[PDB]
Amino acid sequence: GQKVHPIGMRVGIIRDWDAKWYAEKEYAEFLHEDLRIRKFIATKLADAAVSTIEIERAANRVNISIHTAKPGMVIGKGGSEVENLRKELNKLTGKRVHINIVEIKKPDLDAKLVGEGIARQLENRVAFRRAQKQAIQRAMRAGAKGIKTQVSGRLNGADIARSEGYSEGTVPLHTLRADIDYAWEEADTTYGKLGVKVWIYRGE
RNA sequence: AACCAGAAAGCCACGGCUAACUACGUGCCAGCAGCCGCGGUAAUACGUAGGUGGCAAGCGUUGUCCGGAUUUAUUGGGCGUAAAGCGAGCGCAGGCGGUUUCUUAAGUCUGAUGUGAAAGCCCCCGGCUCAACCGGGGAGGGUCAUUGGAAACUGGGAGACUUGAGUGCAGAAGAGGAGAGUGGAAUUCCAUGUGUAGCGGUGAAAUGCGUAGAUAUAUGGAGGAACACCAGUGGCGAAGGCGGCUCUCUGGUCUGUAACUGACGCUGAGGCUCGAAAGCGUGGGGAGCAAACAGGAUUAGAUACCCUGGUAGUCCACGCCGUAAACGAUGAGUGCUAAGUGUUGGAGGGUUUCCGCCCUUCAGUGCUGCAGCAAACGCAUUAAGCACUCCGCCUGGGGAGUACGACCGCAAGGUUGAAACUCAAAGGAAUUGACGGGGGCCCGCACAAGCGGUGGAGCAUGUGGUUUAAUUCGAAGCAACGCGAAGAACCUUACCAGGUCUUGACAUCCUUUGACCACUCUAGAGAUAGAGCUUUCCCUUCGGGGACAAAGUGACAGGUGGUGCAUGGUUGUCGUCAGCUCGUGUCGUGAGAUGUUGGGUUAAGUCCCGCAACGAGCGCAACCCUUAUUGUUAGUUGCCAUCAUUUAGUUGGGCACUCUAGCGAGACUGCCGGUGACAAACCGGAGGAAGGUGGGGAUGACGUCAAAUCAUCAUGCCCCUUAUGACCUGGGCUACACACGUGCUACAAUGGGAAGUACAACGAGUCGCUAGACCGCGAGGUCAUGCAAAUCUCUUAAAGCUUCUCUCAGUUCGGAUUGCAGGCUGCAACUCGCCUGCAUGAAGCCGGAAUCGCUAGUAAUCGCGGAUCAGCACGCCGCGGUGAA
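Using the authors' numbering, the letters of the first sequence correspond one by one to residues 2 to 205.
Quick look at the structure:
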């Protein structure tokens, strides 16, 4: 293995972090509290399945916001689930949290959601070649410049591991005026454990 | 004729061929199969389930005959490499044959006549209410038999012709054959002279020969074998084969020409002859060379390769055997079908001292290439092309050219030549990878040139081995060994001795209940035990759970236990090596190829030119960070130039310089000259701070190694559970008869010791760095001031510079080891921290074989800061000074 998480290459240059803090003498407390913050959307991710959470911070307030493609289950029926999530998050926090919902557009051109969906087809015993090809076509139908895909492990419920994936379009990986995305996700039907990786490119 | 759909349906397969399915318990065992092949938690091959799928009382299995099988090919196959042209010639019998006149009519076709039993298979028509039965007709049963005709073709008879086939006469070439003599050189032996300590051989040596005079050098003498240059893809012959020269017998081929014979030809089973080396018998000679054999060497072993010897043989005469990779792996005879180019032997013409030259034509003999053939490679007037005549041979690989029988031979052996039983392949040619102890080109501190090192000595540190009760686990060539460990006294821990415990040390629910705790005393090594103060409601609609404990068992928990060869994720390594592919159009019967090859150039698939290729993508490069100049902006905690002050840029003042860091400019072959195809590019010059990607960093394609990891994490499967799980004390991973790797300090004079004396950069700081003062030989101790930061501290850096010193010694070098006295953090430095002082003073005078790093702010030397951290660094990460060959 030799390659790099590409979002860890472009950060600081053409994007930022997801924590816009500046904190001395209470830094690791908020770090291992934000670690607890990220875990709590496991209740979301089974249904709501958000992508990113941006957490800014005022003096004595908590001011967070999310990005997702499914605005249905996150807004509740009348916002009543929203205040319940604020209460359950504040029970772990004790501090004034003020959550927000931002909807993404052209939602098929994500990174985490497409890999999560193809891992979902892997968790229903659907064949890997046809699912990757229909996935990269329906991502190409969204309008892009390229998608790379790769899956590994004990493929298709078999013996000793292979690793193979397919690609189409262009993808300048080694260049810095890129604005690409990336996502890794596990997979298991019942045998061992697998993994999917997924790439896009849309110019700077 | 009275009443019923009641009395009244069967059988094998479903992985491909094979139309004709899906799912459940079975687990390389039991099993299945016509061929291909299936069985280790899947058998879509055992049983079950519905189905599915087939003809019409049947359906599967075994056995036998024909087809598919052009796999005996007459219709209808072949022999360069896949099975398959005898080793080659001479020829009896046989097969097949130039043109023409007349003639017979054997073969040939045809007319008529006689028969080819009945029943069958056919067709038409009737009945059998449709299968079966009969009836009348016709090809159906001949290579038939008799009688009558044609002479086109082949047989037969009579003749005719010269084109095929042979002797003329004239020439020509030639390692054609046998027999008889002869020439010189070279080796070996012998003799003679001269002349002394070695000669000979190998990768390296050794065996061997030599003072009983070798080797070497000149002179002769003996004998055998082979013929240096000429020598050529030249020549000769049916093949095997044939090269010094002179002579006798003798075979064959080519060119002219035509008076002469007049179809006399070709092929050729049986038979005969010739037939490389090796071998056999009888008799000769041995100069070399050399099977068998002896000795030396190599090797784990070497009944071989290597070296020193050495017989049969190799030679001649006379007999025998009769084989070869006897090959162009291509049978023989004849005819026909584009060119170009050498060369051997001729004939003719133009021209001519032709000896050259040019044109025409015969027989060989090479080389390149149309049509045509071929699975391809290839062949191609010397066909593997289009054909006719005759002969030989083949029908999957093994068994095996074996067995029996027969013939030949003195003998080895030769010629002719099967089956029982096995296998589902064996085989030819070409394409892509991979490999080679095959080759051509390139490139890197890879060699070479230098500089400094390691291996010698002392110490620190990491492995293997021995150890104990335990020395906890992983990592093994580059690509493990100052590596996970960026901090082992208890904790750290998994390793031991002991004290111990159990829905548990930790998670979720249920009820009883609701909130606990926390803290003092006693026991002890501790977990724990027994008391003590009591615990505690945050909604009250008398109705209740949220913050909480304890008890019950219930769910369950826990594993640093195994498998990186069941895994994800992550990382080494080729290696910053320069490659890896796609679309469209072309080539190839097809796998596939071309683009991506060739010339130049570059750090590079980077770019130019030619090229059935044209374009693109991932890589390379560019965008990113820092360093190298300058403009603007903004001036404190920064700096001091215009002046005063004060120890002092301090305080008045300015943003001038410096610095701080935002936005900007600047280096792109940018211009000129030469080289280069004018092209890419190469070499110089000016300008500038840097000119040829200015100097570094981050960035790591396709893929290789089942490389490393369950011991960061997650985890398929397997195992443990009043215990391999948990709590505590003490110990250990820090041992040492030994060997290896990595670092620190010296072996002193460019130096040690004493004194005085200057200049950096990065970063860190709240229970953290310490200003100043006092005391101490010191490690340091006390009072205390600044500091959450360009301000206060770490912190005034070492090598540096000037004076003295020592005077070559195991030394005023060196500084390990050991007693004593201490200092600091720790609850506690014995096992096991660091540092100070006194007393002690070992090896060690530049380190073999071998081996490592590095092409310039580099190598070499010298200090400083940080991470983890109460404490502990010769390790790691980073910065700066001096500065090489």
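Even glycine gets a Cβ: it sits at the ideal position worked out from N, Cα and C.
The Cβ atoms of residue 67 and residue 54 lie closer than 8 Å to each other.
Between the alpha carbons of residue 58 and residue 35 lies a distance of about 12 Å. For residue 53, no alpha helix (DSSP H) segment is defined; the enclosing uninterrupted segment is the beta strand (DSSP E) at 53 to 58. Using a Cβ distance threshold of 8 Å, residue 186 and residue 137 do not count as a contacting pair. Under DSSP, residue 65 forms a beta bridge with 56.
Taking all protein chains shown into account, residue 129 has 16 or more neighbouring C-beta atoms within 10 Å of its C-beta and is therefore buried. Relative to the Cα of residue 148, the nearest Cα in the group 160, 159, 166 belongs to 166. If one requires a minimum length of 4 residues, the alpha helix (DSSP H) runs lying completely within the segment 126 to 173 are 129 to 141, in chain order.
In this structure, the CA atom of residue 97 is about 33 Å from the CA atom of residue 107. The segment 10 to 28 makes no contact with the segment 182 to 202, as fewer than three CB pairs between them are under 8 Å. Rounded to whole angstroms, residue 139 and residue 110 show a C-alpha spacing of 10 Å. Going by C-alpha positions, residue 61 is about 21 Å away from residue 102.
DSSP places residue 188 inside the beta strand (DSSP E), whose first and last residues are 181 to 188.
When the Cα atoms are used, residue 141 and residue 133 turn out to be separated by approximately 12 Å.
Look at residue 27 here: in three-state DSSP terms it is coil, with no helix or strand label. An exposed status is given to residue 73, since fewer than 16 other beta-carbon atoms sit within 10 Å of its beta-carbon. Taking C-alpha positions only, residue 15 is separated from residue 143 by approximately 23 Å. Exclusion of the five residues before and after residue 8 leaves 183 as the residues of its chain whose Cβ lies within less than 6 Å of its Cβ.
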